[PDB]
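Just start36.txt here, compact mmCIF, N, CA and C atoms:
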```
# COMPACT_ATOMS: atom_id res chain seq x y z
N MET A 1 -3.12 -14.93 12.14
CA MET A 1 -2.96 -14.64 10.71
C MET A 1 -4.28 -14.74 9.99
N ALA A 2 -4.73 -15.94 9.67
CA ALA A 2 -5.95 -16.07 8.88
C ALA A 2 -7.13 -15.48 9.59
N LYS A 3 -7.24 -15.69 10.89
CA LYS A 3 -8.38 -15.18 11.65
C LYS A 3 -8.40 -13.66 11.59
N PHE A 4 -7.24 -13.04 11.72
CA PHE A 4 -7.13 -11.58 11.66
C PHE A 4 -7.63 -11.05 10.34
N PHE A 5 -7.26 -11.67 9.23
CA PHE A 5 -7.59 -11.14 7.91
C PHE A 5 -9.00 -11.52 7.47
N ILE A 6 -9.56 -12.61 7.99
CA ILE A 6 -10.90 -13.01 7.58
C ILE A 6 -11.90 -11.92 7.92
N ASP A 7 -11.60 -11.10 8.93
CA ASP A 7 -12.53 -10.07 9.39
C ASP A 7 -12.27 -8.70 8.79
N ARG A 8 -11.08 -8.47 8.22
CA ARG A 8 -10.74 -7.18 7.61
C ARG A 8 -10.11 -7.43 6.25
N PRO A 9 -10.93 -7.59 5.20
CA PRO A 9 -10.38 -7.74 3.85
C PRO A 9 -9.62 -6.53 3.36
N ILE A 10 -9.95 -5.33 3.86
CA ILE A 10 -9.34 -4.12 3.32
C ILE A 10 -7.85 -4.08 3.64
N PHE A 11 -7.46 -4.56 4.82
CA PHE A 11 -6.04 -4.62 5.17
C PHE A 11 -5.28 -5.51 4.19
N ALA A 12 -5.83 -6.69 3.90
CA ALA A 12 -5.19 -7.62 2.98
C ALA A 12 -5.12 -7.03 1.57
N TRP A 13 -6.19 -6.37 1.13
CA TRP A 13 -6.17 -5.72 -0.17
C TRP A 13 -5.09 -4.66 -0.23
N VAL A 14 -4.94 -3.87 0.84
CA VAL A 14 -3.93 -2.82 0.84
C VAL A 14 -2.54 -3.43 0.74
N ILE A 15 -2.29 -4.51 1.47
CA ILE A 15 -1.00 -5.18 1.37
C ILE A 15 -0.77 -5.66 -0.06
N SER A 16 -1.81 -6.20 -0.69
CA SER A 16 -1.67 -6.69 -2.06
C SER A 16 -1.33 -5.56 -3.02
N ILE A 17 -1.98 -4.41 -2.89
CA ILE A 17 -1.67 -3.28 -3.78
C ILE A 17 -0.24 -2.80 -3.54
N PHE A 18 0.20 -2.78 -2.28
CA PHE A 18 1.58 -2.38 -2.02
C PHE A 18 2.56 -3.34 -2.70
N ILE A 19 2.29 -4.64 -2.63
CA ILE A 19 3.16 -5.62 -3.29
C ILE A 19 3.13 -5.42 -4.80
N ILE A 20 1.95 -5.13 -5.35
CA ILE A 20 1.83 -4.91 -6.79
C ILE A 20 2.69 -3.72 -7.22
N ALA A 21 2.59 -2.62 -6.47
CA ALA A 21 3.37 -1.43 -6.80
C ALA A 21 4.86 -1.71 -6.69
N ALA A 22 5.27 -2.44 -5.66
CA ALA A 22 6.68 -2.79 -5.52
C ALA A 22 7.16 -3.61 -6.71
N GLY A 23 6.35 -4.59 -7.13
CA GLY A 23 6.73 -5.40 -8.28
C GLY A 23 6.83 -4.59 -9.55
N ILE A 24 5.91 -3.64 -9.75
CA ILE A 24 5.97 -2.79 -10.93
C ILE A 24 7.25 -1.97 -10.92
N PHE A 25 7.57 -1.36 -9.78
CA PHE A 25 8.79 -0.58 -9.69
C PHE A 25 10.02 -1.45 -9.93
N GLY A 26 9.98 -2.70 -9.46
CA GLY A 26 11.07 -3.61 -9.73
C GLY A 26 11.22 -3.92 -11.20
N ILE A 27 10.09 -4.10 -11.89
CA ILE A 27 10.14 -4.36 -13.33
C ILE A 27 10.75 -3.18 -14.06
N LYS A 28 10.35 -1.96 -13.69
CA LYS A 28 10.84 -0.79 -14.41
C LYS A 28 12.35 -0.66 -14.32
N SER A 29 12.96 -1.13 -13.24
CA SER A 29 14.39 -0.97 -12.99
C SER A 29 15.13 -2.29 -13.09
N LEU A 30 14.75 -3.12 -14.06
CA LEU A 30 15.41 -4.40 -14.30
C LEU A 30 15.99 -4.40 -15.71
N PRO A 31 17.29 -4.64 -15.89
CA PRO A 31 17.83 -4.75 -17.25
C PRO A 31 17.34 -6.01 -17.94
N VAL A 32 17.45 -6.00 -19.27
CA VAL A 32 16.99 -7.10 -20.11
C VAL A 32 18.21 -7.75 -20.76
N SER A 33 18.29 -9.07 -20.65
CA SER A 33 19.43 -9.83 -21.15
C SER A 33 18.93 -11.13 -21.76
N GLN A 34 19.82 -11.79 -22.51
CA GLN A 34 19.50 -13.12 -23.03
C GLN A 34 19.73 -14.19 -21.97
N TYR A 35 20.87 -14.14 -21.31
CA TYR A 35 21.23 -15.04 -20.23
C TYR A 35 21.73 -14.22 -19.05
N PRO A 36 21.75 -14.79 -17.85
CA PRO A 36 22.37 -14.09 -16.73
C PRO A 36 23.87 -13.96 -16.93
N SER A 37 24.45 -12.98 -16.24
CA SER A 37 25.87 -12.69 -16.38
C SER A 37 26.69 -13.89 -15.93
N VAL A 38 27.38 -14.53 -16.88
CA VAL A 38 28.31 -15.61 -16.59
C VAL A 38 29.72 -15.29 -17.04
N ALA A 39 29.92 -14.16 -17.72
CA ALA A 39 31.25 -13.80 -18.19
C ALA A 39 32.15 -13.48 -17.00
N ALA A 40 33.36 -14.03 -17.03
CA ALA A 40 34.34 -13.71 -16.01
C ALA A 40 35.33 -12.68 -16.53
N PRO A 41 35.89 -11.84 -15.67
CA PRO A 41 36.81 -10.81 -16.14
C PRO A 41 38.15 -11.38 -16.59
N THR A 42 38.73 -10.73 -17.59
CA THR A 42 40.03 -11.11 -18.14
C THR A 42 40.90 -9.87 -18.24
N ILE A 43 42.17 -10.02 -17.87
CA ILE A 43 43.18 -8.97 -18.04
C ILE A 43 44.23 -9.49 -19.00
N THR A 44 44.50 -8.71 -20.05
CA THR A 44 45.49 -9.06 -21.06
C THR A 44 46.63 -8.05 -21.01
N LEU A 45 47.86 -8.55 -21.01
CA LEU A 45 49.06 -7.73 -21.02
C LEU A 45 49.71 -7.85 -22.39
N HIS A 46 50.09 -6.71 -22.97
CA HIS A 46 50.69 -6.67 -24.29
C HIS A 46 52.10 -6.11 -24.18
N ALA A 47 53.07 -6.85 -24.72
CA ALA A 47 54.47 -6.46 -24.66
C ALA A 47 55.07 -6.49 -26.06
N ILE A 48 56.07 -5.64 -26.27
CA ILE A 48 56.74 -5.49 -27.56
C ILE A 48 58.24 -5.64 -27.34
N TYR A 49 58.89 -6.42 -28.20
CA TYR A 49 60.34 -6.62 -28.11
C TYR A 49 60.85 -6.92 -29.51
N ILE B 1020 -2.23 29.12 9.71
CA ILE B 1020 -3.41 29.12 8.86
C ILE B 1020 -4.00 27.72 8.75
N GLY B 1021 -3.15 26.71 8.58
CA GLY B 1021 -3.65 25.36 8.42
C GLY B 1021 -4.39 24.86 9.65
N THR B 1022 -3.84 25.10 10.84
CA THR B 1022 -4.54 24.70 12.05
C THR B 1022 -5.87 25.44 12.18
N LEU B 1023 -5.86 26.75 11.92
CA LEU B 1023 -7.09 27.52 12.05
C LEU B 1023 -8.17 26.99 11.11
N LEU B 1024 -7.81 26.68 9.87
CA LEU B 1024 -8.79 26.16 8.93
C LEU B 1024 -9.21 24.73 9.29
N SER B 1025 -8.25 23.91 9.73
CA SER B 1025 -8.52 22.50 9.97
C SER B 1025 -9.48 22.31 11.13
N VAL B 1026 -9.25 23.00 12.24
CA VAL B 1026 -10.10 22.83 13.41
C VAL B 1026 -11.56 23.12 13.12
N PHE B 1027 -11.86 23.76 11.99
CA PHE B 1027 -13.24 24.01 11.59
C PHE B 1027 -13.68 23.18 10.39
N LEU B 1028 -12.75 22.70 9.57
CA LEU B 1028 -13.13 21.98 8.36
C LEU B 1028 -13.07 20.47 8.49
N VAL B 1029 -12.23 19.92 9.37
CA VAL B 1029 -12.12 18.47 9.48
C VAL B 1029 -13.46 17.84 9.84
N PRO B 1030 -14.20 18.32 10.84
CA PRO B 1030 -15.55 17.77 11.07
C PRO B 1030 -16.46 17.92 9.87
N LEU B 1031 -16.34 19.03 9.14
CA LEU B 1031 -17.11 19.19 7.91
C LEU B 1031 -16.75 18.11 6.90
N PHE B 1032 -15.46 17.82 6.74
CA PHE B 1032 -15.04 16.77 5.82
C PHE B 1032 -15.62 15.43 6.24
N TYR B 1033 -15.57 15.13 7.54
CA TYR B 1033 -16.12 13.87 8.02
C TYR B 1033 -17.60 13.76 7.69
N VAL B 1034 -18.36 14.81 7.99
CA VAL B 1034 -19.80 14.78 7.75
C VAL B 1034 -20.08 14.61 6.26
N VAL B 1035 -19.38 15.36 5.41
CA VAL B 1035 -19.65 15.30 3.98
C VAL B 1035 -19.32 13.92 3.43
N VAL B 1036 -18.18 13.34 3.85
CA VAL B 1036 -17.80 12.02 3.36
C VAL B 1036 -18.83 10.98 3.80
N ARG B 1037 -19.23 11.02 5.06
CA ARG B 1037 -20.20 10.06 5.55
C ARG B 1037 -21.46 10.14 4.73
N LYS B 1038 -21.95 11.34 4.50
CA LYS B 1038 -23.20 11.50 3.76
C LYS B 1038 -23.10 10.99 2.33
N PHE B 1039 -22.03 11.34 1.63
CA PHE B 1039 -21.86 10.93 0.23
C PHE B 1039 -21.67 9.43 0.08
N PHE B 1040 -20.86 8.81 0.94
CA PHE B 1040 -20.55 7.39 0.81
C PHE B 1040 -21.20 6.58 1.92
N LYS B 1041 -22.06 5.64 1.56
CA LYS B 1041 -22.71 4.80 2.56
C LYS B 1041 -21.73 3.81 3.14
N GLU B 1042 -21.78 3.61 4.45
CA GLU B 1042 -20.90 2.63 5.09
C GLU B 1042 -21.37 1.26 4.66
N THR B 1043 -20.44 0.41 4.22
CA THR B 1043 -20.81 -0.93 3.78
C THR B 1043 -21.23 -1.67 5.01
N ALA B 1044 -22.15 -2.60 4.86
CA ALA B 1044 -22.55 -3.41 5.99
C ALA B 1044 -21.32 -3.95 6.68
N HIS B 1045 -20.33 -4.43 5.91
CA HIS B 1045 -19.19 -5.07 6.57
C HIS B 1045 -18.41 -4.06 7.40
N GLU B 1046 -18.27 -2.84 6.90
CA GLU B 1046 -17.50 -1.82 7.61
C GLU B 1046 -18.11 -1.52 8.97
N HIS B 1047 -19.44 -1.47 9.04
CA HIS B 1047 -20.11 -1.06 10.28
C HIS B 1047 -19.72 -1.97 11.44
N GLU B 1048 -19.76 -3.28 11.24
CA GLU B 1048 -19.52 -4.21 12.35
C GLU B 1048 -18.11 -4.08 12.93
N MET B 1049 -17.10 -3.88 12.08
CA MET B 1049 -15.74 -3.70 12.59
C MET B 1049 -15.63 -2.41 13.38
N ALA B 1050 -16.33 -1.36 12.95
CA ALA B 1050 -16.33 -0.11 13.72
C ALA B 1050 -16.88 -0.33 15.12
N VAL B 1051 -17.99 -1.07 15.22
CA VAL B 1051 -18.58 -1.33 16.53
C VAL B 1051 -17.62 -2.15 17.39
N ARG B 1052 -16.99 -3.16 16.80
CA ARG B 1052 -16.05 -3.98 17.57
C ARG B 1052 -14.89 -3.13 18.09
N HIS B 1053 -14.31 -2.30 17.22
CA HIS B 1053 -13.19 -1.46 17.63
C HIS B 1053 -13.61 -0.47 18.71
N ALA B 1054 -14.78 0.15 18.55
CA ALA B 1054 -15.24 1.11 19.55
C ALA B 1054 -15.47 0.44 20.89
N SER B 1055 -16.06 -0.76 20.88
CA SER B 1055 -16.26 -1.48 22.13
C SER B 1055 -14.93 -1.82 22.79
N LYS B 1056 -13.94 -2.23 21.99
CA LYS B 1056 -12.65 -2.60 22.56
C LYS B 1056 -11.88 -1.39 23.07
N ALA B 1057 -12.08 -0.22 22.47
CA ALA B 1057 -11.34 0.98 22.82
C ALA B 1057 -12.12 1.94 23.71
N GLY B 1058 -13.42 2.10 23.47
CA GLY B 1058 -14.23 3.01 24.26
C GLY B 1058 -13.86 4.46 24.06
```
For this file, produce the structure as structure tokens.
Amino acid sequence: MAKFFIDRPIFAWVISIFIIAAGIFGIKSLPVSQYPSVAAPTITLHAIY
Amino acid sequence: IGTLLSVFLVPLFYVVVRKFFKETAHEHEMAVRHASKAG
């Protein structure tokens, strides 16, 4: 690991740019909320008599 | 058409790139190591 990369910085830089691009794409496709979804579903039945 | 053009232009591209951009000192040594290991 470290020995491999100490001799080729360009490989490590390329990996870093790929991670940066992935993170940017992740940011673009992330919704914005106040809190994480904690609401549970509810079903209500209405009857008349 | 692409093969016909490439077989004559790819070496030209290599030569032009080499001439325009100087190989960094660091790049040269890795090239020698790889060439020695591969031949």
Which neighbours of region 1043-1050 of chain B fall inside 8 Å, counting only C-alpha atoms, when residues of the same chain fewer than 3 positions from it are skipped, and could you give them as a compact mmCIF listing (two decimals) with N, CA and C atoms, in the coordinates of the input?
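What landed in result-v1.txt:
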```txt
# COMPACT_ATOMS: atom_id res chain seq x y z
N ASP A 7 -11.60 -11.10 8.93
CA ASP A 7 -12.53 -10.07 9.39
C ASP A 7 -12.27 -8.70 8.79
N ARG A 8 -11.08 -8.47 8.22
CA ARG A 8 -10.74 -7.18 7.61
C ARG A 8 -10.11 -7.43 6.25
N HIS B 1053 -14.31 -2.30 17.22
CA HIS B 1053 -13.19 -1.46 17.63
C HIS B 1053 -13.61 -0.47 18.71
N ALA B 1054 -14.78 0.15 18.55
CA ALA B 1054 -15.24 1.11 19.55
C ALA B 1054 -15.47 0.44 20.89
```
How far is it from atom N of residue 19 (chain A) to atom N of residue 4 (chain A), in Å with one decimal?
19.2 Å
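Atom pair CA of residue 5 (chain A) / CA of residue 24 (chain A): separated by 24.7 Å.
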Among chain B, which residues does DSSP mark as helix (DSSP H, G or I) when it is run on the backbone? Keep the chain and numbering as in the structure and answer as a PyMOL selection string.
chain B and resi 1021-1039+1044-1057
Go ahead and compute the interatomic distance for atom N of residue 1058 (chain B) and atom N of residue 1042 (chain B), in Å to one decimal.
20.8 Å
